[PDB]
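# Chain and residue survey
The chain contents come next:
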Amino acid sequence: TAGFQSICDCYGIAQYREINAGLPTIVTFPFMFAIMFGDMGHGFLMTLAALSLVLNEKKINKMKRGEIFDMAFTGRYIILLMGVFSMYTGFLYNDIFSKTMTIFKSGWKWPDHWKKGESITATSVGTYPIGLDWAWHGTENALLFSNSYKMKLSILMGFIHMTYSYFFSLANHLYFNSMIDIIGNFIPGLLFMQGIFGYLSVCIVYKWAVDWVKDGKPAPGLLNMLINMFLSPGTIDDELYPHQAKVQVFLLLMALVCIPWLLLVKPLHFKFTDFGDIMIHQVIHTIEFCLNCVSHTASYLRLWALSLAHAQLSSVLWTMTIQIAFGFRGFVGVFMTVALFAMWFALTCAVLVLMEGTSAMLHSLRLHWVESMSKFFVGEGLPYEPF
Amino acid sequence: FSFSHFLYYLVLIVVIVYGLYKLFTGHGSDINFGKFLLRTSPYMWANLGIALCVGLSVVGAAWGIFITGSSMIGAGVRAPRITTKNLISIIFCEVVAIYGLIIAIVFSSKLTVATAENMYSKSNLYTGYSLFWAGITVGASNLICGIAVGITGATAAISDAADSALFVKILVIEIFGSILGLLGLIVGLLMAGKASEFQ
Amino acid sequence: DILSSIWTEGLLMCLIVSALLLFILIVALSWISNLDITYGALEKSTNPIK
Amino acid sequence: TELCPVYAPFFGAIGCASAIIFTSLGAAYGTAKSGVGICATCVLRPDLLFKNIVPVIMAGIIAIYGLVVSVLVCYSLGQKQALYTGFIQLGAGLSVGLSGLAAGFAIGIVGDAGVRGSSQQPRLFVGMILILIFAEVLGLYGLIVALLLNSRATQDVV
Amino acid sequence: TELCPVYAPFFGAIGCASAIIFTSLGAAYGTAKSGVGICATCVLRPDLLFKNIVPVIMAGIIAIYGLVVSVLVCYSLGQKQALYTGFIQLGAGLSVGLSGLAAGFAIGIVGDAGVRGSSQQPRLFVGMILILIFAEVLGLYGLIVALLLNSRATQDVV
Amino acid sequence: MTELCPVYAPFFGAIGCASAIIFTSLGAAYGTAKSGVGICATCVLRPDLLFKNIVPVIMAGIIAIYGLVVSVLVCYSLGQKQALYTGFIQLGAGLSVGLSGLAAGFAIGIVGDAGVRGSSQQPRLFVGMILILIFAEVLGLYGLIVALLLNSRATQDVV
Amino acid sequence: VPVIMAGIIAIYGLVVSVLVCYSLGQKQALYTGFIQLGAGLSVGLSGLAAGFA
Amino acid sequence: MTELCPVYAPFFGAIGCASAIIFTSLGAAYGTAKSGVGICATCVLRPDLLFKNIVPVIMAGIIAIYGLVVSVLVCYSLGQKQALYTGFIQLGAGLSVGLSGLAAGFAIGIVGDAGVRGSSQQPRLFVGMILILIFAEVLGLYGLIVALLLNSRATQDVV
Amino acid sequence: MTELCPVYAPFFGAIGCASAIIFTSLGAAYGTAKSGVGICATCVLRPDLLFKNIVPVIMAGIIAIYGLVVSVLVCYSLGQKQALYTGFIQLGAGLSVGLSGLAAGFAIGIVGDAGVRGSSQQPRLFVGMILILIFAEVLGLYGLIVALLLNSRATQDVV
Amino acid sequence: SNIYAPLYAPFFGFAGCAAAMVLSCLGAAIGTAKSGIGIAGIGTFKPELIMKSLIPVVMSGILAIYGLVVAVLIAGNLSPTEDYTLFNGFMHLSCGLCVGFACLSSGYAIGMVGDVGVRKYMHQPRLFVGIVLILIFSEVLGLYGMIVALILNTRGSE
Amino acid sequence: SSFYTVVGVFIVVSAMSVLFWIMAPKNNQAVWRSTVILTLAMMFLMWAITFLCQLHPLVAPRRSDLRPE
């Protein structure tokens, strides 16, 4: 827990008998990394670069390190878990060195015959058990299906992460015997963001569970109804579930009564027991709690973005360096694939594992410092440091 | 010598002499700005809107980031504990570009292929005009918002290095400065609300 | 009913895009040109008083 | 055909060149503005030389993004293409060009300040890296918009 | 003939000129900006002259990039060529020219700082070579994009 | 006149023939005025190094000869009835030599004055000055190669 | 001496302007006018830079 | 009569009525501002010269009355069915008094300020300033005379 | 359309209705800012002269009311089927009050700064800087009179 | 069809929305950023005067509300199915320009007076009532722009 | 098929999570009890999001080249 606690202590020293932030960070910090770094091959290299520092701990903790190798050594279990979760995530994204695996039977079937150069399509003969189906590999619309999955994955994981971080506030308020912070801050703050951005996640999961062709109804745009929930209330372009019109108005109206129920119940309980030190602080807490709901839930789209760009650079590096040498039968081509493999391996180990693994690690760090600990971590404290 | 001012004055002289020539000749309706707006392809306006939206939002984010970041590194030589405290000044500058991503995601769903006939119709020209000005509005508002929040973040970093009880009171101004980009987002999503795709 | 014979609506789009890209190039090179070196850190002076 | 005229390749061929002209012009500012502060720092303390060369590396990734978009856009222009494909290629090139041009400038200025201020106060290496990672995802955002926009280049066009 | 108009070889000759013009204009800035710093620091340390001549040589490789591109473009001009070939030739000229201009700015500024810095600290010279390699590939990316454009100029042209 | 060789076609060849000598003269003028002030400041204290310092001026004089060569090669291909292809080629050749010689002249002047001012306090900088002036002389030579290759085609099956 | 050598630069343009003037005419071609424009620019913008140096 | 009286004609007249009040208000502003800074720096030590030094501000306000006279007299000759000749005469009558009053207001501003600042420590210089302000005043009269003499020909023999 | 009443006609009255409030706001903003900087820098030592020295801010806020009056009188003359004559009159009537109010705002700002900074050191200067700020404000009134005299003719005797 | 409603008339109506929002946002940002410099400049000497000195930051936030009200009223008169004559588009362009330049000028004035008023407030406690009066006189400019835009908006939609 | 596949896997994993709350070792008890349970949750949620969106797809692949073998 020492490296994870050193990561959470760089932000702030916790309050006395507060919930520690370094205990959930053991799993969520290398797993938000894994979604941004979804490759079965690069995770193998990262586990192998992690186990050459774990299998000899005794030789290294009695020698001088020097400020980069020191951070590499004290964060070795972090790199171990990041590589293992990268293996799992890249197994689910179904790519190893920008190539697929083909280890089950597909849920798509091509036609019986065609002429060489016809835009055929597949016939959907079932579903694929674990991961993405390997029949989406070239297909000339792979980035059309493959990033509607990866955009909704990020919204669901960000929502579940923030709503798990937010119950730590209830668990703190129920320890320090602070029953006004439950009724003044927790309950309106819970009904605000679950009534707007949790409804969106229920709408994402429900739309996947409905067959919109066997039933004969048009599939609505979730983003379109999300915008028209606020900017044109009442109207519905395409009906998603049979009483959708009353629920939109009820959830819009509930999220607007939480603006006077926050910023007003907490100060007046001070007055009837306003002062300015409580009222203005609560106005700032309310117009900062709101406007961080939308900003914090939109900040999780970097999970989609860094994953898409990692996959795209790893696919372009394959087709520009090692793919060239596959058309060189002869004597010159044996030397050609040696040099081209050396260039491929050097660029996929330096550019693609190291300085994109460092980028993907510092965006998972931001999601813990900012989007997670702005809901339960109260801030300033006193470090221990004995004599 | 102000050579760019000389270029401006040459352009103004040529414009005035050309328009005055067309009036006195009798052909002043040959400079027809309305026929330019009907013969120009709507895909041009839509793609310039999308590209300038994301480009201008990213430029404003980067401007605000170096304005706050230079002062935050300079104020951390003597007070290195301001670094992780003032990171949200950079967070407010960088959500400016995520709004540009969101606008480019919404608007790119409307880039469908129209037919040869039924091309310069009322709905397609409307969609081009709406996407062009909506992209410009949210991109320019995000450029302005990013630069303003960057200036306030640099000033807040200086104030945090001075006295740590001041950063709570200068953070209020960054909250006021960040609503401007969200208003730009709302007006961008509302100007292109009734616009259909390119059927 | 056409726009023009020489200033057609296809030449004008190419010129609008060329003008935009030239504007971005000129502004970027103006940023590039104002780039200095801080020569005082790269040398040293005697100053026998100190 | 009035749906695919003859000046339609122009908006591709100047959109493919704009992706590499504008990102290399930002990488040059980042590299020069950071390397000057590197050469000024390491006269007194030269043991920080290969640790301070991170903003030169990080400004070299933006030119790779421009190279990737220029390779992807060059693979889809031909003689008989339409205006739809031509303006999508223009939009992709202009997006990654304006996004790589400002991220490079910000990486240069912040990396200059951080390399100069890591000599005094050795704790400001982590702060430099944390600011510079947030100025690198801006060219990433332009890359993402360019790919999202290139996904619909030639699919139903005639 | 609506695909090979009469004004079609304008853009080809403009691109063939633009390659060598902007790469020589960048190489000249790199050579001048580096040589003023070389001739200023070798009045006291004259035995570092053939060691400090590296940034002038790397500035002079950019003109060879522009020369290669403009020669290959010049062996594809013709009177009755298409507009598509002309647009590809102009894009291939502008890409290598303006990317070589950016790399020339970077090489000039970093060579002028690093040569003057390497006379005080002898350990900075490998740092200057490490930074000048990152500036040299900014012209090589534009070379790749220009050659990759030029290979598509006449393949399916009717 | 006709479709493929109109009457404004010798306009581009005359702009291309004029601009080849003009911008190379600008380059030679900068390299001669800029490096020649450093000569008149150096040779007050060290007079016998006078003719070793004329070498930047001789390097700047060669650039003006390149534009002369291209301008007399273009001028003997002008005609009343030449193609637009020939006018475009002649314009490109002139612009190539002119702007390459302008860049080479800027570099020769800026290196040459500092090299003359430096190679008198230090008599071992003369070889380095000659070497850096060689690397900025070949830029105008590259422009000359490109314009000679352009003017080389210019009449191949032009009809 | 350098005031004498700058006055020689103007006599070049005097020679060219006298020789171009005796080739004017009401009904000359575009070829003659384009060649005369090029010759005038060629001597003028070279004498300008020579005079600066 | 679309030939002699086209539809775009009173446009010119409508910027002869505007221009006469615009530019004569710029100079009248400058002569009020530039000399008004002088008086406020002067009457701190000697406040007894306040109504003596107020002369260059009154002489800068006559110019705006010149512009008002020309703008009123041009405005009662505008019409929908008037000729080009009338609009041309009105544009000239606006521009004459406007730019002449602009130059006169600049002159009243620059020489009024210096005479105010010098008239504290030298009381004999107040009479010498007014002789210079009269020569700056009669520039606006010359513009006003040419403007009023054009306006008498605007609808004289116009068909 | 009609040959006298084209479709692009209410463009011009749209530029005249806006420019009456665009340029008077710039003048009012310059006058208010340039005066208030002088008011704050003076009342550090003399806080009892705070309500007496705010008359330059009141003089500069009347300019925006002038522009507001003109913009609401032009607006109840605009129509879908109006003439070019009406749009020309509205364009000129907007520009006159706009640029005259901009000039009056510059004068009020400069003289108000100079007079507020000086009146703390001399109590008999305040009436002398009131008397200049009347001359600096009637310029905008002259623009208002020209705009109203034009606006009284935009619809009379048209067809 | 209808000669008074051509199909390019929505272009000017959207330019009205763009002008009204962008220039009001610019005026609000100039009023907020320039005022906060003085508010944080006085913070090192007298920290107890900051919570009273947030008046110009709230004075300049109302300007974006002016532009937002006018923009959401213009954008509700636009539709691809309705008629929308050129008179309505010229009116919406005039509405946008009026609100935008009124709010830009008012935001400049609030910024200047808030800076110099908060900085000269640590010396004189009695200077606060004179600041608020000049800040009220500087905010009515944007209100005048909004009044002209509301009259033109109800005037052209008929 | 079978949306009830996700619910059945959910029942199995939520049974294996409650069974580990009362089986975790005593020494580093809160580290075993929070690392092991909360990695089953995220490993379940990523599988469930990947198995859905392929249950009833709206878009089929094309693959225009595809050798006829």
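As summarised from the PDB record, the model derives from cryo-EM at a stated resolution of 3.1 Å.

### A closer look at the overall build of chain K
Counting secondary structure elements, chain K contains two helices and zero strands. For a compact globule of 69 residues, the expected C-alpha radius of gyration is about 11 Å, and chain K comes in at 19 Å, more than 25% above that figure. Viewed in the frame of its principal axes, chain K has a C-alpha envelope of about 60 × 25 × 20 Å. For chain K, with 69 residues in total, the buried portion stands at 35%. Accessible area of chain K: about 4300 Å², with a carbon and sulfur share of 69%.

### Structural notes on empty space enclosed by the protein
By volume, the largest cavity is sized at about 150 Å³. With four residues, the top contributor of residues to the lining of the largest cavity is helix 16 (residues 332-369) of chain A.

### Let's talk about the nonpolar core
Within the largest apolar cluster, 444 residues are counted, with the highest numbers of intra-cluster contacts made by D:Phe11, D:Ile144 and J:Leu152. Among the elements that make up this core, the one with the highest residue count is helix 1 (residues 10-41) of chain D (19 residues). The contact partners of J:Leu152, leaving out residues within four places of it in the chain, are I:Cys17, I:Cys75, I:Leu78, J:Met91, J:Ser94, J:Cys95 and J:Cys98. The next biggest cluster of nonpolar side chains, apart from the first, holds 18 residues, and it includes B:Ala156, B:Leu166, B:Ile170 and J:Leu49.

### A look at the interface of chain D and chain B
Of the residues lining the interface, 37 residues belong to chain D; the matching set on chain B comes to 39 residues. When the two sides are added together, the surface that chain D and chain B hide from each other amounts to roughly 3400 Å², 82% of it contributed by carbon and sulfur. At the junction of chain D with chain B, the criterion picks out zero salt bridges. For the pair chain D and chain B, the interface holds five residue pairs in polar contact. Mapped by element, the contributors of at least two residues to the side of chain D that touches chain B are helix 4 (83-116), helix 5 (124-134) and helix 6 (137-150) of chain D. Looking at the side of chain D that touches chain B, the element that brings in the most residues is helix 4 of chain D, giving 16 residues. Of the residues that constitute the side of chain D that touches chain B, the class distribution is 25 nonpolar, eight polar and four charged.

### A closer look at the pattern of salt bridges
In a structure, side chains of opposite charge can pair up when their charged atoms sit close to one another. Inspection of every chain in the model, using the stated rule, returns 25 salt bridges over all chains. The salt bridge involving A:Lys271 is made with A:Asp274; its shortest N-O contact spans 3.4 Å. Close ionic contact of B:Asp30 with B:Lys22 constitutes a salt bridge, the shortest N to O distance being 3.8 Å. Through salt bridges with shared partners, a single ionic network connects A:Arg302, A:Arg366, A:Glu371 and B:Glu94.

### A short note on the side chain of H:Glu137
Residues and elements named next belong to chain H. Inspection of the secondary structure assignment puts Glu137 in helix 5 (residues 126-151). In this structure, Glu137 is buried with no salt-bridge partner, the nearest side chain bearing the opposite charge being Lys34 at 18 Å. The residues contacting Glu137, other than those within four sequence positions of it, are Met59, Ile62, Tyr66 and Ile108.

### Regarding the environment of E:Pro55
Residues and elements named next belong to chain E. Within the secondary structure, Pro55 is located in helix 2 (residues 54-59). Considering only alpha carbons, one finds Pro55 and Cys16, 39 residues apart in sequence, at a separation of 27 Å. Not counting residues within four places of it along the chain, the set of residues in contact with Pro55 comprises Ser34, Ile107, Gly111, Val115, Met128 and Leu132.

### So, the packing of helix 2 (residues 55-74) of chain J against helix 4 (residues 128-156) of chain J
Describing two packed helices takes the angle between their axes plus the distance from one axis to the other. All names here are of chain J. As a packed pair, helix 2 and helix 4 sit with axes 10 Å apart at the nearest point and diverge in direction by 5°. Taken together, the axes of helix 2 and helix 4 are roughly parallel relative to one another. Residues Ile55, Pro56, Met59, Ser60, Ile62, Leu63, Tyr66, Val70, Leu73 and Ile74 of helix 2 pack against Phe128, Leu135, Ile136, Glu139, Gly142, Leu143, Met146, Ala149, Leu150 and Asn153 of helix 4. Counted by class, the contact of helix 2 with helix 4 contains 16 nonpolar, three polar and one charged residues.

### What to know about the interface of chain A and chain K
Between chain A and chain K, the residue contacts involve 50 residues of the former and 33 residues of the latter. Across the interface of chain A and chain K, roughly 4000 Å² is buried in total on both sides, 72% from carbon and sulfur atoms. The largest per-residue losses of area from chain A upon contact with chain K belong to A:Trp114, A:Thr127 and A:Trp208, which jointly make up 15% of the total buried on that side. Where chain A packs against chain K, one counts one salt bridge. With a shortest N-O distance of 3.5 Å, A:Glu140 and K:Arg62 are connected by a salt bridge. Viewed at the interface, chain K and chain A are joined by nine residue pairs in polar contact. Only helix 2 (25-36), helix 5 (76-93), helix 6 (142-165) and helix 9 (199-208) of chain A provide two or more residues apiece to the side of chain A that touches chain K.

### Thoughts on the packing of aromatic side chains
Taken as a whole and judged by the stated rule, the model has 69 aromatic pairs over all chains. Centroid distance D:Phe11 to D:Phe87: 4.5 Å. Interplanar angle 35°. Geometry classified as tilted. With D:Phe11 in helix 1 and D:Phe87 in helix 4, this pair connects stretches of sequence that are 76 residues apart. The pair D:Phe11 / D:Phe87 is uniform in exposure class, with both members buried. Consider the rings of H:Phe12 and H:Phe88, whose centres lie 5.4 Å apart with planes at 70°: the pair is edge-to-face. Placement of H:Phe12 in helix 1 (residues 9-42) and of H:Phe88 in helix 4 (residues 84-118) is noted, with a sequence separation of 76 residues between them. Geometry around F:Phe126 places F:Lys52 over its ring, the cationic atom sitting 4.5 Å from the centre.

### Notes on the UniProt feature "transmembrane region" in chain K
All names here are of chain K. What UniProt calls "transmembrane region" maps, in this numbering, to residues 3-23 and 35-55. End-to-end, the C-alpha atoms of residues 3-23 are 31 Å apart, and along that stretch the chain is 86% helix and 0% strand. When the span residues 35-55 is considered, its composition is 81% helix and 0% strand, and the gap between its end C-alpha atoms is 31 Å.

### Observations concerning the arrangement of the chains
Highest in contacts among the 16 pairs of chains that touch are chains A and K. Without any contact between them, chain E and chain J keep their closest C-alpha atoms 30 Å apart. The least C-alpha distance between chain F and chain J, which are not in contact, is 38 Å.

### A short note on a nonpolar patch on the surface
A cluster of nonpolar side chains, namely B:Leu7, B:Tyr8, B:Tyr9, B:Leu10, B:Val11, B:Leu12, B:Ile13, B:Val14, B:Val15, B:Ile16 and B:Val17, defines an oily patch on the protein surface of about 1100 Å² accessible area. If you trace the backbone, B:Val14 turns up in helix 1 (residues 3-25).

So, how was this worked out
- Residues numbered from 1 in each chain as written, not as in the entry; some residues may be left out.
- Chains lettered and ligands numbered in written order.
- Part of a larger assembly, values for the part shown.
- Heavy atoms only, no water.
- Helix = DSSP H or I, 4+ residues; strand = E, 2+ residues; numbered from the N terminus.
- Rg over C-alpha atoms; globule rule 2.2 N^0.38 Å.
- Buried < 20%, exposed > 50% of the residue type's maximum accessible area, 1.4 Å probe, protein only.
- Areas by Shrake-Rupley, 256 points an atom, 1.4 Å probe, with all protein chains shown as cover.
- 1 Å grid on protein atoms, 1.4 Å probe; cavity = no way out; pocket = protein on both sides within 12 Å on 5 of 7 lines; lining within 4 Å.
- Points joined across faces, edges and corners; volume = space filled by probe spheres on them.
- Core = buried A, V, L, I, M, F, W, Y, C linked by side-chain atoms within 4.5 Å.
- Contact = heavy atoms within 4.5 Å.
- Buried area = accessible area lost by both parts, 1.4 Å probe.
- Salt bridge = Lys/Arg side-chain N within 4 Å of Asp/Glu carboxyl O.
- Polar contact = N/O pair within 3.5 Å; in protein donor to acceptor, adjacent residues only side chain to side chain.
- Nonpolar A, V, L, I, M, F, W, Y, C, P; charged D, E, K, R; others polar.
- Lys, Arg positive; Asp, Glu negative; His and termini not counted.
- Axes fitted to C-alpha atoms, helices over the stretch in contact; angles between N-to-C directions.
- Parallel < 35°, antiparallel > 145°, perpendicular 65-115°, else oblique.
- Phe/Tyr/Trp six-rings, centres within 6.5 Å; stacked < 30°, edge-to-face > 60°.
- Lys NZ or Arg CZ within 6 Å of the ring centre and 35° of its normal.
- UniProt positions renumbered as here; feature names shortened; annotations may be inferred.
- Patch = residues over 30% accessible without salt bridge, like charges linked within 9 Å, V, L, I, M, F, W, Y side chains within 5 Å.

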